[PDB]
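What follows draws every value from the coordinates through simple rules; no lab data is involved. All Cβ positions, even for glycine, are placed from backbone atoms using ideal geometry, and neighbour counts span all protein chains on display.
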C-alpha cells in the first residue's frame with residue numbers, strides 16, 4: 001500500500017496552504033499528519049483524519065474521504081515552513097513521502113559575511129583555518145570563492161549548502177585550510193560571496 | 001511530564017547488531033504503545049515496529065527478520081535491536097509514543113503523539129574522533145555597526161552530531177550555530193557564533209559548551225573578548 005504526496009507545496013504569506021495525500025480507499029482508514037521543521041523531530045498535527053492535539057492551533061485542519069486526505073493551513077507563516085508527512089495503517093504503518101512547504105513572496109536580503117582569521121591557539125597547534133560565516137540572505141543560494149592576495153584558491157576549500165535560520169533567512173559557511181606558513185606568506189586572504197548576481201567580499205590579513 | 005530519551009548517538013560497525021534504548025520518565029510504560037521510527041539523512045520516515053508492554057511486538061514487513069523490540073517495566077525502558085547493519089541503516093532513530101484507545105472493534109494505537117529528539121546512528125568501520133575547539137575572537141571592525149561577533153570553531157570530529165550551547169544555555173540571544181561541513185577527509189567541522197552589541201562586549205564571559213556524545217567528550221571553551 002502506498003500514500004502519494006506531492007514533493008512540494010508553496011503559498012504566499014498569510015494565505016491558505018493545502019496538502020494532498022492520496023491512496024486507494026484512503027477514506028476507509030484514519031489518517032495522521034506530522035510536521036517536521038528543519039533539524040527537529042516530527043510532531044503530530046492531526047490524528048484520526050481531523051482531530052487536533054492541544055498544542056496545535058485551529059488554523060491547521062484535516063479532512064479524509066474517498067481516495068484523498070488533505071491538510072489545510074490557513075494564515076500560513078514563514079515559521080510553518082517544514083516537511084509535512086501523512087500516515088495511515090493498512091496491515092502495517094505507511095508514511096507518505098513528505099511534502100516540503102515553501103512560503104514565497106519574501107523580500108530579497110543580501111548576505112551578511114563575517115570572516116575570521118586562524119586563532120593563535122590553532123596556529124600554535126601548527127594548523128590554520130579561515131572561517132567565512134554567511135547569514136541572513138534570501139533567497140537561499142550563494143556561491144563562495146576564495147582569494148590569496150588577488151589569486152583564486154581552489155585547494156583547501158570546503159563549503160556547506162545553505163540552511164534555514166530561525167528568522168527565516170538562510171545561512172552557509174565556508175572554510176579554507178592552510179598551513180601556518182601559507183597564512184603568514186600572503187598579504188591577505190578574501191572570502192567572496194556571490195548572491196543573486198552580485199558579490200560581497202571580506203578580507204583578513206596576518207597580524208601581531 | 002512524560003519524556004522520552006533515546007540512548008546517545010554514535011558509531012556502529014558494519015554487520016554488527018545495533019542496540020538502542022529509550023528511557024521513559026514522568027510516567028509508566030504501561031499505558032502506551034512504544035514504536036521506533038527512523039529517518040535516513042535527507043529521506044522520509046520509516047516505521048520499524050511497535051510493542052505494548054503486555055503484548056507481542058509487531059514489526060515492519062521489510063525489517064521483520066532483522067529487528068526485535070522489548071520492554072523492561074522495572075527500568076521503564078524500551079529497546080531496539082537491528083541485525084546486520086549497513087550504510088543503509090545510517091539514520092536518526094526516534095523512540096515514539098502512541099496512545100491507545102478503543103475504536104473499530106479493538107484497542108488500537110491511535111496516534112504517534114510524542115516523539116523523542118532522536119538518536120543519530122552512523123554505520124561505519126572508521127573510529128570516532130573528538131573535536132578540537134578553537135576560539136574565534138571578535139573583530140574591532142563591525143560591518144553592521146554597533147555589534148561584535150565572537151565564536152567557537154569545532155574542528156575535525158567524527159561522526160555527527162555535535163551540539164553547542166553558550167554559558168550553559170544562559171546565553172541564547174544572538175547565538176547562531178552553523179550546520180557542519182563534511183570535509184574530503186570524511187571528518188566534520190562546524191562553527192557557532194554569538195553576535196553581541198558593541199557597548200555590551202566584555203561585560204561578562206562567553207563560554208561555548210561543545211558536546212560530542214559519540215566520543216563522550218564535552219569541551220567548554222572560554223572566548224576572551226579581545227580583538228587583534
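Data for the structure
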{"item": "Relative contact order (%) - the range A:1-105, alpha-carbon pairs under 8 angstrom, separation at least six", "result": "39"}
{"item": "Residue list for the range A:1-23, given a label point 7 angstrom along the Cα-to-Cβ vector of residue B:108 and an amide N cut-off under 12 Å", "result": "none"}
{"item": "Mean Cα-pair separation over length for chain A, i.e. relative contact order, pairs under 8 Å, 6 or more apart, %", "result": "18"}
{"item": "Global geometry of chain A, whether rounded, prolate or oblate, following the gyration tensor of its Cα atoms and the 1.5 cut on a/c", "result": "prolate"}
{"item": "Residue A:24 versus residue B:224: modelled label distance in nm, points set 7 Å from Cα along the beta carbon direction", "result": "7.1"}
{"item": "FRET efficiency, residue B:84 to residue A:186 (Cβ-Cβ, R0 41 Å, nearest 0.05)", "result": "0.20"}
{"item": "Gyration tensor verdict on the range B:126-223 (Cα atoms; rounded if a/c is under 1.5, prolate if a/b is larger than b/c, oblate otherwise)", "result": "prolate"}
{"item": "Whole-number D in µm² s⁻¹ for the range B:1-150, Kirkwood Cα-pair radius fed into Stokes-Einstein, 25 °C, 0.890 mPa s", "result": "140"}
{"item": "Global geometry of the range A:1-105, whether rounded, prolate or oblate, following the gyration tensor of its Cα atoms and the 1.5 cut on a/c", "result": "prolate"}
{"item": "Computed label-point distance, nm, for sites residue A:65 and residue A:154 using a 7 Å Cα→Cβ extension", "result": "6.2"}
{"item": "FRET efficiency for residue A:74 and residue A:167, using Cβ-Cβ distance with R0 set to 35 Å, rounded to 0.05", "result": "0.95"}
{"item": "Theoretical gain in end-to-end length, residue B:30 to residue B:199 [0.36 nm per residue, Cα-Cα removed]", "result": "55.3 nm"}
{"item": "Distance in nm between pseudo-label sites at residue B:125 and residue B:168 (7 Å out along the Cβ direction from Cα)", "result": "4.4"}
{"item": "Spatial separation of Cα centroids for the range B:191-222 and the range B:48-126, in angstrom", "result": "36"}
{"item": "CD proxy at 222 nm, helix term only [per DSSP H run n ≥ 4: -39500 (n - 2.57); per residue of chain A; nearest 500]", "result": "-1000 deg cm²/dmol"}
{"item": "Amide N proximity, the range A:177-208 versus residue B:141 label position 7 Å along Cα-to-Cβ, cut-off under 12 Å", "result": "A:188-191, A:201-207"}
{"item": "Calculated FRET value between residue B:75 and residue A:92, using beta carbons and R₀ = 30 Å, to 0.05", "result": "0.55"}
